[PDB]
Each structure stands twice: as C-alpha cells, then as structure tokens.
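In: Part one of the assembly, not moved from where it sits:
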Amino acid sequence: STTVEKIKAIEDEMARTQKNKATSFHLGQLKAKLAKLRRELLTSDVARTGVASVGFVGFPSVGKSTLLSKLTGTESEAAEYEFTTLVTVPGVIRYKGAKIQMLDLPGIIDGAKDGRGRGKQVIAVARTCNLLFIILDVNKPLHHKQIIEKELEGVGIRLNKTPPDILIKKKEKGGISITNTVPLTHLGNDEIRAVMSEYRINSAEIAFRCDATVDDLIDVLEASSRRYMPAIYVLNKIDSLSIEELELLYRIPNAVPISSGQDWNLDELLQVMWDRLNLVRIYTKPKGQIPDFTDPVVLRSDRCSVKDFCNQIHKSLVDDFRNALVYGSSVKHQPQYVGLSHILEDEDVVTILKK
C-alpha cells in the first residue's frame, strides 16, 4: 500500500525536522495531513447485548500467556503462539454476577501485516473494548511501552484522558477567530490557521477553555472518530525487585505490579479492573416470577438510563415501551413509574411493560 509508505514518509522527515518557529508552520501543515492519512486507515453505534469485552495487549511472552491462561481458567495449545492471528476469544469469567469476555490482541503490535484485510478487523475489535491491560516486563518495560502507546495513538486510541474542552462552530464570513480562556503556552496563531487550512475550514470560531495541544485540537476536530477509554499498565515478573521501590511503583498511576507465576496481586488487579470498568448491574423482573439474581444485565456508568436499558435488551423494545417499575435507590419510594429518560443505578431491579 502507498498509504503506509506515505505515512512513513511523513513520520521520518518530521522526526529529522527540529522544532522552532521556522519549522512551526511546516509541522502544523504536516500533522493535519498525517491525520487525514490515518483516518482512511480507520475507515471500514455499539449495541452488543453480550456482557463486556476487555483487551490484553503486550509482546509475546511466557508470563503473559501464563497470566491469560490463569485468568481464563482454560488451557490447550498452538493458538496462543501464532502471531499472524488477529485476536483470540475463548475465555469468559463471571465476576460479581457479570460475565467478562477477554481478548488477546497481537495484531495491534504489527507493521509487517498491518495493511491487510484482517488488520482493519483486529483494529476495529480492539477499538470497542471497555479496558486494555498493557502488559510489561518491569526489567525492560520502556522500549515496549513507547511502541505500544505510539501504535494506540496512531490508531485513534486515547489512554487515561478526557475529551478536551475545545469548542468549534463554523461561520461563513470573518474567517478564523479565536477565543481564549487560559493563556496558551504551546499554540500559536500560525499553528491555528495551519491546522484549520487542511480541513477546508474557511470561517469559524474556536473557543479554548484549557491549555490544549496540537493533538488535542486535532482530536477535537476528530471527535466523532476517536474514543477515550481507560487502560491499566500491568507489570509482571516483579519477583526480582524489592518492596521499597515496589511501593514507588505504586506511585505510578494505573500501575499494577503482579507476578503471574506465583500469582501475586491477582486480587488487586481484579479489584482495580472492576473499579475502572465502573459497571452497573440491573436485574430484570417479570410480572409473575421473582428476579433471578443469577444473570444480571450490565451497563456503563454514563449509559444507565431506562431508554439505554430497553435498547440494550432489544431495539424494538424502546418502540414497544409502555413504562417501567423500579426497585432501588434510583427512585424515591420503590416502586415508582418511570420514563425512558430516568437514570438507573447499581443493583436495581427493573420491570418493563409492553405497549
């Protein structure tokens, strides 16, 4: 593919291009083109009833395969060793009433088969996860770490961040105008008109309410495509270290030191994983039978409305929605008739009526 060599043709010269005012405009010209290139790599919402999906990313290693075999609880052969495989799936664990389905993602770490038919598949499925475990060897973590984050940023994954508070609304006359709330320590108006140029944005107003960088602004123009979602750095083979700096490794955010061989800190890893997945459980109830409490349906913290729950059950349910009865803290006096917009809460019991 010529697209990948173009992308390399950009990256190499950008790397050999030093940073100053004279190169500032050229590099601003060039990041936007690089974004234009990567979006068509990304070219190919989620109503997967399912339970949940969490990805494992890391270079092939014995500790990593031991960890996944431990967590999934199943063992066999030859499939965990092929690197041409896009992703692997057999393995679901029940945790506090909710299932979780895990993935191996060797296809993310690529570059020889990156531009192939199954490359888009592995990228897309990796991009729909609830969390990613970034597995490292604590003795040689760096060289892997930069490559992994580089690829994720290349494929539109934003790790441990939030969408920047940058507002853009298009005009017709007046060209490009800028509103500033906090002083800009990195972005010059030359860069502003640079990046605005490629997107054919003739006239608009852009409001800054935080010290955004060039990548933040590009993400803002790419809001519909990018995804912001948590990731946790897992550090295995910690047996060779010592406790005093193990506590210092506990001063790294999202860092979970474990030793898969002797199974240290698997509890802490599970607790943190659930904590950041922030998954709420809803128990359905029919008229006659009492709730099962055996197979609760799980939602996210930001998508726990009645309308979301109905869609999660089926698309046609929302159209056939009469009203809802809710047991739990979501309502004042349980039960109380509620609408679609009503927000649910963890461990509630919900009954829907057909219309």
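Out: Happy to help now that I have it. Numbering: from 1, shown residues only, chains lettered A, B, ... in the order given.
In: was I right about residue A:344 contacting residue A:329?
Out: No - with contacts defined as Cβ atoms under 8 Å, residue A:344 does not count as touching residue A:329, sitting 9.7 Å away. From N, CA and C alone the C-beta is placed, and that goes for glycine too.
In: So which of the two has more stuff around it?
Out: Taking other Cβ atoms under 10 Å, residue A:344 and residue A:329 do not tie; residue A:344 has more neighbours (25 against 12).
In: how far away is that one from residue A:130?
Out: Distance of residue A:344 to residue A:130, computed by Cβ to Cβ, to the nearest Å: 18 Å.
In: Please apply the same query to residue A:61.
Out: Taking Cβ to Cβ, one finds residue A:61 at 24 Å from residue A:130.
In: and after the one helix or strand residue A:337 maps to, which helix or strand comes next?
Out: If you go by DSSP states H and E, residue A:337 is part of strand A:336-338. Moving toward the C-terminus from strand A:336-338, the next helix or strand (DSSP H and E) is strand A:348-354.
In: Counting by contacts, list what that following strand packs against.
Out: When contacts are defined as 3 or more Cβ pairs under 8 Å, 6 or more residues apart in numbering; DSSP states H and E, strand A:348-354 packs onto strand A:279-284, helix A:306-313, strand A:321-327.
In: how big is the angle separating the second one from strand A:348-354?
Out: If you take axes from the mean of the first three to the mean of the last three Cα atoms, to 10 degrees, helix A:306-313 sits at 80 degrees to strand A:348-354.
In: contact partners of helix A:306-313?
Out: With contacts defined as Cβ atoms under 8 Å, 6 or more residues apart in numbering, helix A:306-313 is touched by A:47, A:49, A:282, A:284, A:297, A:299, A:317-318, A:321, A:324, A:338-344, A:350, A:352.
In: Of residue A:61 and residue A:130, give the one with the bigger neighbour count.
Out: Taking residue A:61 and residue A:130 together and counting by other Cβ under 10 Å, residue A:130 has the greater number of neighbours (20 against 16).
In: Quickly note the distance from the more buried one to residue A:102.
Out: The gap separating residue A:130 from residue A:102 is 11 Å, by Cβ to Cβ.
In: throw chain B on there as well:
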Amino acid sequence: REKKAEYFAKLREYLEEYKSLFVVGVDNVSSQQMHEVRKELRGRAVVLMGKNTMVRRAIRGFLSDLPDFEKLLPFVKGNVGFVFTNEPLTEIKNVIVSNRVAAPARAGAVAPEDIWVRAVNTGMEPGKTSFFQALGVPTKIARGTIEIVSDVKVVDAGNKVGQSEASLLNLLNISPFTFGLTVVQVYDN
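Out: Same chains as before, plus chain B:
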C-alpha cells in the same frame, strides 16, 4: 556443442594413462552428505557422474591406446560413474559403503523391506504421545519417558512407507531411504 566440448576434453585427459577403471551406479543419492565423501577423498579419485554420452564414451577411442575402451558400449543405461586412482581399490570400498547415512522417504515414498517395530525406549519428554491416533499404537508415559505398550505392525511388503503411520519411523531411528554407493563393475586397465 562448443559449450559442452570441455566435458570431452576433461574425459579425454583422464583417459590417457590412469590405470584404474571403476564404474558405480548412483540413482538414489543424498548429494549433500555424499559430497563430504567428495571432500574427504581430495585428489584420490576424481568423480564423474556424467551425461548421456554413453554411446561415444567408447566410440571416441579411435586412438585405441587401450582398445578395451569398447567395454561398456552395450551398457547405455543407468547412472554410471567414473572414479580412478593409482592405489589398490580394495581399500576404497571399505569407506564408500560405510556411508549409509539415511533420511525419511519422500513423505511416503518406497519402503526397502518389511520393518518390524519393537518396544524400545527412547528417552524424551512427552511430545507426540497425544498424537498416536493415526496408527493407534498404545503408548504409555512413565517417569517422563515414552514407552510402547504393544508392538503393532506399521509397514508391510507390497505396501510402501506411509505419511501418517510412518512419520515416526525416524523417531525410531531406522534407515529406510539410504541407497548408498554400490559397486556395479570393476576392471583395471
């Protein structure tokens, strides 16, 4: 013609005075491991696995310095091979038959003779012990070692080497596909 005339020159030079004459048929061969016997024998007997010139291998001897050259003319067949040295040949056949280095068949090629498989210990960790279903040989693992329970026939006369039941015969370390160097005729001068 001109490009191949040097093969005539190279045979003509060798067919001037060198007293030994010896032909060998080499149809099946493992050339790689059979040219370290071409390097252990440096300068002793220059080997010649020549071309279809068997017709005028004898005709071209019009000089007739040794008129027996018309000796293999009714033998235009096989892979005849020429070696020659000024020493008693009775010692070379000791070293050129011992090199019976062998390999598996061509994933199912011919079988030299019926082979009986006994229960002999090997001494390896459990590998293809979970892959003894094609032939159905009972194999038990003890102290981390593979032992054959029952002696089950593998090959037969009339049928040849297989591909599912015979992939492990060189895990039993036999020599089905060797066809080492063989004497076909000897004549001096």
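In: before we move on, the earlier item: buried sites along the strand holding residue A:337?
Out: Across strand A:336-338, burial judged by 16 or more other Cβ atoms under 10 Å in any protein chain shown covers residue A:338.
In: Quick one: residues contacting residue 55.
Out: Reading this off chain A. Counting by Cβ atoms under 8 Å, 6 or more residues apart in numbering or on different chains, residue A:55 touches A:102, A:103, A:105, A:126, A:129, A:131, A:132, A:133.
In: I was after chain B.
Out: Residue B:55 makes contact with B:73, B:76 under the criterion Cβ under 8 Å, 6+ apart.
In: Please determine how far it is located from residue B:76.
Out: Counting by Cβ to Cβ, the gap from residue B:55 to residue B:76 is 6 Å.
In: Is it correct that residue A:168 is in contact with residue A:199?
Out: No - when contacts are counted by Cβ under 8 Å, residue A:168 is not listed as touching residue A:199 (9.9 Å).
In: Could you give the secondary structure assignment for the closest residue to residue B:40 other than its chain neighbours?
Out: Nearest residue to residue B:40 in three dimensions, chain neighbours excluded: residue B:95, at 7.9 Å (Cβ to Cβ, 6 or more residues apart in numbering or on different chains). Using DSSP: H, G, I helix; E, B strand; the rest coil as the criterion, the local structure at residue B:95 reads helix.
In: Would you map the helices across the stretch 201-350 of chain A?
Out: Under the criterion DSSP state H, counting those that start in this stretch, helices of the stretch 201-350 of chain A are mapped to A:214-221, A:243-249, A:266-277, A:306-313, A:315-319.
In: cool, chain B as well?
Out: Counting by DSSP state H, chain B forms helices over residues B:5-14, B:92-98, given from the N-terminal end onward.
In: and among the ones you listed, the most buried is which?
Out: Mean neighbour counts were taken over these using mean count of other Cβ atoms under 10 Å in any protein chain shown, and the top value, a mean of 14, falls to helix B:92-98.
In: and for that one, what are the contacting residues?
Out: Helix B:92-98 is contacted by residues B:37, B:40, B:44, B:45, B:83, B:85, B:180, B:181, B:182, B:183 when judged by Cβ under 8 Å, 6+ apart.
In: Another chain to add, chain C:
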Amino acid sequence: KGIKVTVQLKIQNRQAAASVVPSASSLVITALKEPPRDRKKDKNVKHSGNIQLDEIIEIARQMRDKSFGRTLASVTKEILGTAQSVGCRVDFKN
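Out: Putting chain C onto the chains we already have gives this:
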C-alpha cells in the same frame, strides 16, 4: 564481541559453559579489521577501505570449517570484500 548475532559452537550437557566461536563470517572482520569494529558502528555505516592490511589470512582456514582444502586462501581472499561491504582488502577482483 560482535555486532551481528554471533553463532557459537556450543552444546550444553552437564556443566559445559565456554564462550567459543566457530570462526563465522562477521568475527574474522572483528579481528582483521581495527578494534573499532564492535564499537563506533551504532549509527555510522563505513563502506570504505581498500588497504591490503594482511596477506597471511591462510592461517584461519584450519578453524574456518574446512571447505577448500586443495586451495590455500583464494576463497578467503577473492570472495570477501564484495559481500564484505566494509572494505575490499584485495586489488585482485572487486
């Protein structure tokens, strides 16, 4: 000790540990060429050199995995230099 992945003639059976070299391709360069051969070649690339810095290389064929016994050093001399992209070492053929 070698920038290219150096193969060794090493078998591990019951306490056998010895860093011995089988005289592979990239280590005779490490010896014959200057000590700046394992060093100073991280970002540099040196495609230069034609000095006849040695002529008695035939002292290596005995542990160079004997292949051309009937020739003394023509394999060592007139083959290297072309594939050996560092230098030429011979004004005989290049």
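In: In light of the added chain C, please revisit what packs on strand A:348-354.
Out: Helices and strands touching strand A:348-354, as assessed by 3 or more Cβ pairs under 8 Å, 6 or more residues apart in numbering or on different chains; DSSP states H and E, comprise strand A:279-284, helix A:306-313, strand A:321-327.
In: Sheet partners, orientation included, of the first one?
Out: Just to be clear, that refers to strand A:279-284. Here strand A:279-284 has these sheet partners by DSSP bridges: strand A:297-300 (antiparallel), strand A:348-354 (parallel).
In: Name the residues of the first one that are buried.
Out: Same thing as strand A:297-300. Using 16+ other Cβ under 10 Å as the test for burial, strand A:297-300 gives A:297, A:298, A:299.
In: Same check on the last one?
Out: Neighbour counts using 16+ other Cβ under 10 Å place A:348, A:349, A:350, A:351, A:352 of strand A:348-354 among the buried residues.
In: biggest helix in the chain by residues?
Out: Because you didn't say which chain, this covers chain A. Here the longest helix in chain A is taken by residue count, with DSSP H as the criterion, and it is helix A:21-42.
In: not what I meant, chain C
Out: Every helix in chain C considered (DSSP H), the longest is helix C:25-32.
In: do the following helix or strand past that helix and chain B meet at all?
Out: Heading C-terminal from helix C:25-32, the first helix or strand you meet, by DSSP H and E, is helix C:74-78. No - contact between helix C:74-78 and chain B is absent, the nearest approach being 13.2 Å (criterion: Cβ under 8 Å from any Cβ of the partner chain).
In: How about residues contacting helix C:74-78?
Out: Residues from elsewhere that reach helix C:74-78 (Cβ under 8 Å, 6+ apart): C:57, C:58, C:60, C:61, C:64, C:67, C:68, C:89, C:90, C:92, C:93.
In: Of those residues, keep whichever come out buried.
Out: C:57, C:61, C:64, C:89, C:90.
In: wouldn't the first one be in contact with residue C:79 here?
Out: No - when contacts are counted by Cβ under 8 Å, residue C:57 is not listed as touching residue C:79 (11.5 Å).
In: Who are the packing partners of the strand holding residue A:337?
Out: Packed against strand A:336-338, as judged by 3+ Cβ pairs under 8 Å, 6+ apart, are the following elements: strand A:321-327.
In: and of the buried residues of strand A:297-300, the nearest to chain C?
Out: Taking Cβ to the nearest Cβ as the measure, chain C lies nearest residue A:298 of the buried residues of strand A:297-300, at 49.6 Å.
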